[PDB]
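Reading through the structure tokens given below for one structure.
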Amino acid sequence: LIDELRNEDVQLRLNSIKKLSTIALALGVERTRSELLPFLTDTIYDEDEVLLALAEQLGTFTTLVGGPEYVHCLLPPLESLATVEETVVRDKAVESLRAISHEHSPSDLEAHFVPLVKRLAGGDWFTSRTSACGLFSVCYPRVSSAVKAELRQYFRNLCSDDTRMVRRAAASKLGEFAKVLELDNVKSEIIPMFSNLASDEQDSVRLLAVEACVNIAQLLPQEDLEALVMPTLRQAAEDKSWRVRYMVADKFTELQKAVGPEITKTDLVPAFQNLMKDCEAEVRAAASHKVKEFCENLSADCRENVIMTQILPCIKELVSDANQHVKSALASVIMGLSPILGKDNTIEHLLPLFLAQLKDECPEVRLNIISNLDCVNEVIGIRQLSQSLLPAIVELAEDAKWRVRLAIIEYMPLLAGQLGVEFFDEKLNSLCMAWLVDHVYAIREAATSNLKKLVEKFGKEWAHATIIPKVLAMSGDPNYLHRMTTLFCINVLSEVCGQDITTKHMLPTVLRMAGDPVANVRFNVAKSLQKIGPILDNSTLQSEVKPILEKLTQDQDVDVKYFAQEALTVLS
């Protein structure tokens, strides 16, 4: 057990440490801290696999050390693991340090845990003091006034580090640190440091001043925002670095909720427009993702106007955007605007945009319209809207690129369900049957599964009268791969079609195919009988199934007669 530690075998060290919690159960819970932990301090240099396991383990060791009275001796090993120069084992040690901090009595905090934070924050290498930034949150609420005071100046120092990595780290935890301060220490300490990081030299730092900007916004009262936050947020949305502007757009709906319904109108609306018009496509994409969600969260009164007057004219220009990734990003959500703008406005203003997007070159655009028809269906009739859907459904189905075809096959059962039960027959029946003759297996395999879904949505009488005829007819296809497809179809169809239709129509065509010249088909005839065997009555099996299966076992091909008698496994 102890020998599994100092192994050279990589797997044996994992099952030794990932099972470390039960060695402390066996070894004295008193002995654990006097023997075990000393060894787990200054011997551990291994794979970043086992080190991620150790940090993980020490997070729960809180009880097995003797409870809160002896937590402070889980610190030396975790202090070492917050030094290792890996950005996964480090912030896993920070995980476990944050966890067991709550287990420290306020006196024990000041005695051990603060001193740790202090040392890590004064570390020579940056790795140390980047881990330190995470520890101020869990520390600060419970310690003394003097220690609070010290902890604040220690954070101010991390915020103005020499290295960008640290003041990146400091800005990323600036939100959580302000949440635990006092209202007018936020005004005095945080705001300046928030302002200072927001206009940092490196855009890698300024980046994190946006989701930090959100936090500082939620803590303040509305009055203060215009004074303290807004100037900073404004300079950000207009940052020269496009990555910073991306973050403003990425965190937009949550910036909206933070500044409340008032500044949303005044400042955010003009800013959103400016984002939807950004020179970098990444940003326009990001902003487009937030349209239905941002329009949703406008104040119940001044919204229906602002959407129509401020949001809409931008959208129109985005629909013609010279970037597929934008066009499609918008297309994904654009339709959720209907259960907000009502019936009348959708037909006048939203509808021509759907039809424009529907006749769009990019497949993934007009694909996204299809994925979200239920949005519009419940307030607008999918009636004359349908006329424009066909030319798009066909082009998606007949597209040279195969990943495109797999995509519309996916949406097909749901798309028939919201269209015409009958409409399907005239217009779409052709298209689904054509996917069974396809050069890609992935398409045929999807297309067969597709019609077993379609039976669900139309019942067995429909299948009997629309599909099964055309399906079976394929038994007479010159190429054996289409014949083979017929058997595969018969498998998935037999289950949803009952007994009478499977016995009287489907089974006949299966049995005939047993004399197929292509060996490859004959065995799939046997293998096919297995799956349809049970859904027959015990007489038809003895009648016409048993004699054919026996014939196939006397076949010249090795693998034919294999699957053949292996079917008589469910016979005799």
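Numbering of the sequence shown is given in the deposited numbering, commencing with residue 16 and proceeding in unit increments.
Note that the Cβ used here is the ideal one computed from N, Cα and C, for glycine as well.
Going by C-alpha to C-alpha distance, which of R418, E84, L333, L366 sits closest to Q399? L366
Compare the Cα-Cα distances from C154 to each of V132, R144, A136 and report the closest residue. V132
Tell me which same chain residues have a C-beta within less than 6 angstroms of the C-beta of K475, skipping the five on either side of it? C512, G513
For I483 and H454, which I take to be in contact (beta-carbon distance under 8 angstroms), what is that distance rounded to the nearest angstrom? That pair is no contact at about 25 angstroms.
Burial state of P378, where buried means 16 or more other Cβ atoms lie within 10 Å: buried
So, with DSSP's three-state summary, where would you put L434? coil
Range of the contiguous alpha helix (DSSP H) that encloses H479: 475-481
For the ligand SAH, is there any heavy atom lying closer than 7 angstroms to the beta carbon of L345? Absent from the structure shown: the ligand SAH. Ligands present: none.
I'd like to know if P121 contacts chain C, where contact means its C-beta is closer than 8 angstroms to some C-beta of that chain. Of the protein chains in the structure, only one exists, and it is not chain C.
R144 and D106 look like a contact to me (Cβ under 8 angstroms); what is the Cβ gap, rounded to whole Å? That pair is no contact at about 13 angstroms.
Taking the alpha helix (DSSP H) that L583 falls in, what are its first and last residues? Per DSSP, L583 belongs to no alpha helix (DSSP H) and is neither H nor E.
Please state whether DSSP places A242 in a helix, a strand or coil. helix
My parser needs the alpha helix (DSSP H) runs of 4 or more residues fully inside the segment 179-248; what are they? 179-187, 189-193, 206-213, 218-221, 226-234, 237-243
Give me the Cα-Cα distance between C148 and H117, rounded to the nearest whole angstrom. 17 angstroms
In chain order, what residues of the same chain lie with their CB nearer than 6 angstroms to the CB of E191, ignoring the 5 residues before and after it? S152
Contacting residues, own chain, Cβ-Cβ under 6 angstroms from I516 (five flanking each side not counted): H479
List the endpoints of the continuous alpha helix (DSSP H) containing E23. First-last for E23: undefined, no H or E at that position.
The alpha helix (DSSP H) that contains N539, what's its start and end? 534-547
Buried or exposed: which applies to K305, given that a residue is buried once 16 or more other Cβ atoms fall within 10 Å of its Cβ? buried
For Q288, the three-state DSSP class (helix, strand or coil): helix
Under 8 angstroms between C-beta atoms of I423 and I408: yes
Helix, strand or coil at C294 according to DSSP, with G and I counted as helix: coil
Throw me the rounded Cβ distance for the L368 and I385 pair, which I believe falls under 8 angstroms. With a Cβ gap of about 15 angstroms, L368 and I385 do not count as contacting.
Since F141 and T178 are thought to touch, with beta carbons under 8 angstroms apart, how far apart are those beta carbons, to the nearest angstrom? 5 angstroms
At what residues does the alpha helix (DSSP H) containing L469 begin and finish? 456-471
Please identify the residue among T361, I395, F287, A337 whose C-alpha is closest to the C-alpha of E376. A337
Expected contact under 8 angstroms - CB spacing of residue 6 and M489 to nearest Å: Lying before the first or after the last residue shown, residue 6 is absent from the chain, which here runs from 16 to 587.
Counted within 10 angstroms of its Cβ, other Cβ atoms place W450 as buried (16 or more) or exposed: buried
Using the C-alpha atoms, what's the distance from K34 back to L352? 52 angstroms
Suppose you measure from the CA of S464 to the CA of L502; what does that come to, to the nearest Å? 13 angstroms
What's the call for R182, buried or exposed, on a 16-neighbour Cβ count within 10 Å? buried
As assigned by DSSP and simplified to three states, the class of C512: coil
Tell me the rounded alpha-carbon separation between residue 10 and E308. Since the first and last residues shown for the chain are 16 and 587, residue 10 lies out of range.
Leaving aside the five residues before and after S314 along the sequence, list all residues of the same chain whose C-beta is less than 6 angstroms from its C-beta, in chain order. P276
Do you know offhand how far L290's Cα is from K280's? 15 angstroms
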